[PDB]
Amino acid sequence: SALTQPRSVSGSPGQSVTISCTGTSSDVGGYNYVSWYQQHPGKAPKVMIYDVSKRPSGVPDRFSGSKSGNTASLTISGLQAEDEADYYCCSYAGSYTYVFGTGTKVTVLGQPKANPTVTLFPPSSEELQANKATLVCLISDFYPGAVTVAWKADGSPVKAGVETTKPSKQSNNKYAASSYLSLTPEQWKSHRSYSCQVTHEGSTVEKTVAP
Amino acid sequence: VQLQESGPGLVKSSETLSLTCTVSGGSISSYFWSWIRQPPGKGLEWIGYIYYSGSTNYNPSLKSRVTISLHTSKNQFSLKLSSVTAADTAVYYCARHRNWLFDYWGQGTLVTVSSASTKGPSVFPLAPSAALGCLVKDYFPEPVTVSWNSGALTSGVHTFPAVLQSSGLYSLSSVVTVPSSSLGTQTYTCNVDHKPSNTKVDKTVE
């Protein structure tokens, strides 16, 4: 089980952010072998913190690390543009094994927050005639560039046949994401409704379709 | 220390994935040498590592399918992942492991798992009921380009990155937001170009 981090954190230049990393007594709580890695797009991850709170040479002291029980925390004071990246925690997990966290995007706020436009398209009759059924949830004009998408069938969770893209920057500098629920025409017909539920900055936007 | 992954790029489903990492600036006769991956989908996933002695330890969920070996005559170490499926498409990273951390990483290399051969897309309409679009479904390999009205329509367009489906085929979509009252007066056409299969499609939506 990957270590649990939040999906997104954000703050303005000069300000602070904290990223949690929740494991168990077998990993984060069991040892002081917790490290954190910074990853820019297409670059090698870089160690920023190791053994919970220790900084490699060259890493600024604005990066600090702590731990309480089963949760480790990385704090980035005095945010600068270059701190915008994905961050992963990692722990020793016993018997010569390691487990990484799920990743957090840190955004350094340079434009206004914005909640997503969400459009859910049912499968076309043309696709249905081709004996396939694809629900298409398109998500645009959001900032910061991180979103959680949950699919529902008759209100209950679906996680078979789901594929979601990582947010992409648009020409207007906001972000876009897409999600797909792929199924058969009978499976499409086997529920009264389907919904795409998009969570952004503590707000949900839900669209529903029916055959 | 610099690390460089090398590899096949594309692997057919149910084949063995083999990757090599060549190390420069130091010897693989010290420390541990590891592989980690990232599905376009999730965060990092530790695969395993090899100690300079040849001793290995693997992620319990991958262990039955994984071998990591040393090739000291070339300062290299390798990964073999057996019988890959769609769930193994990822960027694979090699890294040095030392003192309870991963101190030097390669930049990573994308391995795509698909047994597909070249196939042009089916383009389906995403009709309005104002936003509308085109679903460019089931093509291989990348890439596809999408324009609207042959380039003349741009405001409110976004064409999303492709997903690779468990079929081993890609899909993407493109959406445009238009004024509600334009639907009767004006046609909206997505122009889909898939160079690899020599396929261009023009689909006019509702």
# chains A, B, ... in the order shown; residues from 1 in each chain; ligands from 1
>>> interface_residues(of="chain A", to="chain B", cutoff="7 Å", atoms="only C-alpha atoms", output="ChimeraX atom specification")
/A:33,35,42-45,47,50,96-103,121,124,126-127,163,165,177-178
>>> residues_around(residues="segment 182-190 of chain B", least_positions_apart="2", cutoff="6 Å", atoms="only C-alpha atoms", output="list in words")
residues 147, 148, 149, 179, 180, 202, 203, 204 and 205 of chain B
>>> write_last_selection(atoms="C-alpha atoms", output="PDB file, in the first residue's frame")
ATOM      1  CA  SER B 147      -7.975  20.877 -35.426  1.00  0.00           C
ATOM      2  CA  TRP B 148     -11.463  22.364 -35.604  1.00  0.00           C
ATOM      3  CA  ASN B 149     -12.903  23.823 -38.825  1.00  0.00           C
ATOM      4  CA  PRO B 179     -22.187  30.118 -28.325  1.00  0.00           C
ATOM      5  CA  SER B 180     -25.578  28.392 -27.755  1.00  0.00           C
ATOM      6  CA  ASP B 202     -13.293  15.003 -40.897  1.00  0.00           C
ATOM      7  CA  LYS B 203     -16.243  14.567 -38.516  1.00  0.00           C
ATOM      8  CA  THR B 204     -19.003  17.227 -38.414  1.00  0.00           C
ATOM      9  CA  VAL B 205     -20.667  17.217 -34.961  1.00  0.00           C
TER      10      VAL B 205
END
>>> closest_residue(among="A:125, A:64, A:119, A:193", to="residue 179 of chain A", atoms="only C-alpha atoms")
A:119
>>> select_by_dssp(residues="chain B", states="strand (DSSP E)", output="VMD selection string")
chain B and resid 2 to 6 10 to 11 17 to 24 32 to 38 45 to 51 56 to 58 66 to 71 76 to 81 90 to 98 101 to 105 109 to 113 122 to 126 131 to 139 145 to 148 157 to 159 163 to 164 170 to 177 189 to 194 199 to 204
>>> atom_distance(atom1="atom CA of residue 152 of chain B", atom2="atom CA of residue 172 of chain A")
17.8 Å
>>> select_by_dssp(residues="segment 27-195 of chain B", states="alpha helix (DSSP H)", output="list in words")
residues 182, 183, 184 and 185 of chain B
>>> residues_around(residues="segment 134-136 of chain A", least_positions_apart="3", cutoff="6 Å", atoms="only C-alpha atoms", output="count of residues only")
7
>>> closest_residue(among="A:144, A:30, A:211, A:13", to="residue 93 of chain A", atoms="only C-alpha atoms")
A:30
>>> closest_residue(among="B:50, B:71, B:86, B:96", to="residue 2 of chain B", atoms="only C-alpha atoms")
B:96
>>> atom_distance(atom1="atom CA of residue 160 of chain A", atom2="atom CA of residue 118 of chain B")
26.2 Å
>>> atom_distance(atom1="atom CA of residue 143 of chain B", atom2="atom CA of residue 195 of chain B")
7.6 Å
>>> residues_around(residues="residue 141 of chain B", least_positions_apart="6", cutoff="12 Å", atoms="only C-alpha atoms", output="JSON, numbers by chain")
{"B": [9, 10, 112, 113, 114, 115, 116, 117, 118, 119, 120, 121, 162, 163, 164, 168, 169, 170, 171, 194, 195, 196, 197, 198]}
>>> write_last_selection(atoms="N, CA and C atoms", output="JSON list (two decimals), in the first residue's frame")
[["chain", "number", "residue", "atom", "x", "y", "z"],
["B", 9, "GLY", "N", 11.58, 0.84, -25.67],
["B", 9, "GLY", "CA", 10.40, 1.71, -25.87],
["B", 9, "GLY", "C", 9.04, 1.00, -25.90],
["B", 10, "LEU", "N", 8.83, 0.15, -26.91],
["B", 10, "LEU", "CA", 7.60, -0.65, -27.04],
["B", 10, "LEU", "C", 7.88, -2.13, -26.73],
["B", 112, "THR", "N", 6.22, 1.47, -23.11],
["B", 112, "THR", "CA", 4.82, 1.23, -23.46],
["B", 112, "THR", "C", 4.61, -0.27, -23.72],
["B", 113, "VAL", "N", 3.59, -0.83, -23.07],
["B", 113, "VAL", "CA", 3.21, -2.24, -23.28],
["B", 113, "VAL", "C", 1.96, -2.27, -24.15],
["B", 114, "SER", "N", 2.11, -2.80, -25.36],
["B", 114, "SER", "CA", 0.99, -3.00, -26.28],
["B", 114, "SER", "C", 1.38, -4.00, -27.34],
["B", 115, "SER", "N", 0.52, -4.98, -27.58],
["B", 115, "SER", "CA", 0.67, -5.89, -28.70],
["B", 115, "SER", "C", 0.03, -5.38, -30.01],
["B", 116, "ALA", "N", -0.44, -4.13, -30.04],
["B", 116, "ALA", "CA", -1.18, -3.62, -31.19],
["B", 116, "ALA", "C", -0.30, -3.44, -32.42],
["B", 117, "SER", "N", -0.89, -3.49, -33.60],
["B", 117, "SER", "CA", -0.21, -2.99, -34.77],
["B", 117, "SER", "C", -1.00, -1.77, -35.16],
["B", 118, "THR", "N", -0.51, -1.09, -36.18],
["B", 118, "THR", "CA", -0.99, 0.20, -36.58],
["B", 118, "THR", "C", -2.47, 0.11, -36.91],
["B", 119, "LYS", "N", -3.21, 1.08, -36.38],
["B", 119, "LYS", "CA", -4.63, 1.17, -36.58],
["B", 119, "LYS", "C", -5.06, 2.62, -36.51],
["B", 120, "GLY", "N", -5.81, 3.06, -37.50],
["B", 120, "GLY", "CA", -6.36, 4.39, -37.50],
["B", 120, "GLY", "C", -7.57, 4.49, -36.58],
["B", 121, "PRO", "N", -7.90, 5.71, -36.13],
["B", 121, "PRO", "CA", -8.94, 5.92, -35.15],
["B", 121, "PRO", "C", -10.35, 5.78, -35.73],
["B", 162, "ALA", "N", -3.61, 11.68, -24.83],
["B", 162, "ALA", "CA", -4.15, 10.36, -25.11],
["B", 162, "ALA", "C", -4.13, 9.50, -23.85],
["B", 163, "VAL", "N", -5.10, 8.61, -23.69],
["B", 163, "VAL", "CA", -4.99, 7.51, -22.72],
["B", 163, "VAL", "C", -4.62, 6.27, -23.51],
["B", 164, "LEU", "N", -3.88, 5.37, -22.88],
["B", 164, "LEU", "CA", -3.63, 4.05, -23.44],
["B", 164, "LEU", "C", -4.55, 3.12, -22.68],
["B", 168, "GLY", "N", -4.49, -1.90, -25.49],
["B", 168, "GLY", "CA", -3.24, -1.54, -26.15],
["B", 168, "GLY", "C", -3.43, -0.49, -27.23],
["B", 169, "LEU", "N", -4.62, 0.11, -27.28],
["B", 169, "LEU", "CA", -4.90, 1.15, -28.25],
["B", 169, "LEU", "C", -5.14, 2.42, -27.50],
["B", 170, "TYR", "N", -4.81, 3.54, -28.13],
["B", 170, "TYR", "CA", -5.00, 4.86, -27.56],
["B", 170, "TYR", "C", -6.37, 5.47, -27.90],
["B", 171, "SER", "N", -6.81, 6.38, -27.03],
["B", 171, "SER", "CA", -7.88, 7.31, -27.35],
["B", 171, "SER", "C", -7.56, 8.67, -26.78],
["B", 194, "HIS", "N", -4.03, 11.19, -38.33],
["B", 194, "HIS", "CA", -3.22, 10.09, -37.79],
["B", 194, "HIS", "C", -2.21, 9.67, -38.86],
["B", 195, "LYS", "N", -1.06, 10.36, -38.88],
["B", 195, "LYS", "CA", 0.01, 10.11, -39.87],
["B", 195, "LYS", "C", 0.44, 8.63, -39.99],
["B", 196, "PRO", "N", 0.63, 7.91, -38.86],
["B", 196, "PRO", "CA", 1.12, 6.53, -38.93],
["B", 196, "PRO", "C", 0.27, 5.54, -39.74],
["B", 197, "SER", "N", -1.05, 5.66, -39.67],
["B", 197, "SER", "CA", -1.94, 4.78, -40.44],
["B", 197, "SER", "C", -2.38, 5.43, -41.77],
["B", 198, "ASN", "N", -1.82, 6.61, -42.10],
["B", 198, "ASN", "CA", -2.19, 7.36, -43.29],
["B", 198, "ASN", "C", -3.68, 7.71, -43.32]]
>>> decode(residues="segment 140-181 of chain A", atoms="C-alpha atoms", output="compact mmCIF listing (two decimals), in the first residue's frame")
# COMPACT_ATOMS: atom_id res chain seq x y z
CA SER A 140 -11.40 22.47 -18.15
CA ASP A 141 -10.38 25.89 -16.91
CA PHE A 142 -9.12 24.97 -13.41
CA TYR A 143 -6.19 26.13 -11.29
CA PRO A 144 -4.21 24.87 -9.46
CA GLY A 145 -3.56 21.96 -11.86
CA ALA A 146 -4.80 19.07 -9.73
CA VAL A 147 -8.20 17.37 -9.58
CA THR A 148 -9.79 14.18 -8.20
CA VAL A 149 -12.26 12.36 -10.47
CA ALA A 150 -14.64 9.70 -9.13
CA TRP A 151 -17.10 7.77 -11.31
CA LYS A 152 -20.44 6.51 -10.02
CA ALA A 153 -22.91 3.94 -11.40
CA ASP A 154 -26.37 4.32 -9.79
CA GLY A 155 -24.61 6.45 -7.18
CA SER A 156 -22.13 3.74 -6.09
CA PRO A 157 -18.35 3.77 -6.88
CA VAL A 158 -16.92 2.41 -10.16
CA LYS A 159 -13.29 1.46 -10.56
CA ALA A 160 -13.17 -0.88 -13.46
CA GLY A 161 -12.78 0.61 -16.93
CA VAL A 162 -11.63 4.08 -15.76
CA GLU A 163 -8.78 6.01 -17.44
CA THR A 164 -7.98 9.62 -16.45
CA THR A 165 -5.33 12.01 -17.85
CA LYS A 166 -2.89 14.13 -15.88
CA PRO A 167 -3.87 17.85 -16.00
CA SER A 168 -2.42 19.69 -19.05
CA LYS A 169 -1.80 23.46 -19.33
CA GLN A 170 -4.13 25.18 -21.84
CA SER A 171 -3.32 28.23 -24.00
CA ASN A 172 -5.10 30.45 -21.41
CA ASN A 173 -2.72 29.12 -18.64
CA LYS A 174 -5.43 27.24 -16.71
CA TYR A 175 -5.54 23.39 -16.65
CA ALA A 176 -7.57 20.65 -18.33
CA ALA A 177 -8.09 16.93 -17.59
CA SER A 178 -10.14 14.11 -19.14
CA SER A 179 -11.62 10.91 -17.76
CA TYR A 180 -13.12 7.88 -19.53
CA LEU A 181 -15.42 5.10 -18.36
